[PDB]
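Counting neighbours? That spans all protein chains shown, and the Cβs are built from the backbone with ideal geometry, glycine included. Bear in mind these aren't lab numbers, they're just calculated from the coordinates by the rules spelled out.
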Amino acid sequence: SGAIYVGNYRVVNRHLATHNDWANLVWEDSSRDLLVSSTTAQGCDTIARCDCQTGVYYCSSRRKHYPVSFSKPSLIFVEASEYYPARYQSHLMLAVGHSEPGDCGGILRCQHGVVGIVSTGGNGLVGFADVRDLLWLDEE
Ligand SMILES: CNC(=O)c1cn(C)c2ccccc12
Ligand SMILES: [Zn+2]
């Protein structure tokens, strides 16, 4: 689990979105595993605007933050899971690291702020859904 709270937006894994999230929908993309919903109280997170490939992510299943190198947000094939069929996920970044399904929502952060959230993984690899192209998250 986990979310990004950027102003009056809540950014979660589409596959973990609640009824309240869907009842307050701002934007969703199955191809990106992202859903954004509206909030009433403002959040304590800032979004990175950058092309950093190094950062730190939170891994719930180790209670540990790990420094990682990660790929550029790309269109990449992801093996079938409980939540999606074998498909290409868009705006995705891969790192070498530990990840389990419930680690989804863990933040990846760089010097510029929040890069993305844990989404995909397997075989000692962790995948993060990028949010840095979502400029509209920063306004209105
Ligand atoms: C759609 N979410 C998932 O199913 C997964 C997310 N992470 C990080 C995994 C790691 C190993 C295996 C499956 C997943
Ligand atoms: Zn950065």
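What FRET efficiency comes out for the pair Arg49/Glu140, r = Cβ-Cβ distance, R0 = 25 Å, nearest 0.05? Display every interim value, and only then the final one.
Details: r = 17 Å, r/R0 = 0.66.
For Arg49 and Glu140, the calculated efficiency is 0.90.
Expressed in whole Å with the largest first, what are the equivalent ellipsoid semi-axes of the chain derived from the C-alpha gyration tensor as the square root of 5 times each eigenvalue?
On the way: eigenvalues 90, 61, 39 Å².
For the chain, the semi-axes come out at 21, 17, 14 Å.
Once the Cβ-Cβ distance between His19 and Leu75 is put in as r, and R0 is 30 Å, what FRET efficiency do you end up with, to the nearest 0.05? Before the final figure, lay out the partial values.
On the way: r = 30 Å, r/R0 = 1.01.
With a Förster radius of 30 Å, E is 0.50.
Show me, for the range 18-32, the HN-Hα J-couplings you get by feeding each phi into the Karplus relation (A = 6.51, B = -1.76, C = 1.60, θ = phi - 60°), rounded to Hz, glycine and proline as x.
Rounded to whole hertz, the list is 7, 4, 4, 4, 5, 7, 10, 5, 9, 6, 8, 9, 4, 5, 9.
Report the FRET efficiency, 1/(1 + (r/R0)^6), for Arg87 and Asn123, where r is their Cβ-Cβ distance and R0 is 22 Å, rounded to 0.05. Show your work: numbers first, answer last.
Working: r = 17 Å, r/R0 = 0.79.
The computed FRET efficiency comes out at 0.80.
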